[PDB]
């Protein structure tokens, strides 16, 4: 539903470009993006580092959608890469808040190929609140 325009940003979050926010519920966010040149590596696949940026941004969004408003600072992120996404493809980014304590929040993120429903990558992301 909502278009989001990170391209208007001047800091690093600008690398996401045009993403659409599909839904945002308590502790769950779904976004999509078409993979564009700006997102790719030389081989024309979603760049490992944009994947991480998505894991970082989209999980933060899910924590913004919590009863506590706080984005937190990263402590530990991990990502497993499973299949490539190609220039021109739509990916969907699904972030879940697994647990939110008073000091720590834990999130998970799947990127899936929208066409095949197959996971591109899964990230877990621990953040320190306050």
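Positions refer to the first chain, counted from 1.
Colleague: Between 101-109 and 60-68, which has the larger average Cα B-factor in the PDB entry?
Modeller: It is 60-68 that shows the higher mean C-alpha B-factor.
Colleague: Please compare 69-77 with 89-97 and name the stretch with the higher mean C-alpha B-factor in the deposited structure.
Modeller: Mean C-alpha B-factor is greater for 69-77.
Colleague: Using only modelled residues of the chain, where does the Cα B factor of residue 25 rank: lowest third, middle third or highest third?
Modeller: Within its chain, residue 25 is a highest-third residue by C-alpha B-factor, going by the deposited values.
Colleague: Looking at the temperature factor on the CA atom of residue 120, which third of the chain's modelled residues does it land in?
Modeller: Within its chain, residue 120 is a lowest-third residue by C-alpha B-factor, going by the deposited values.
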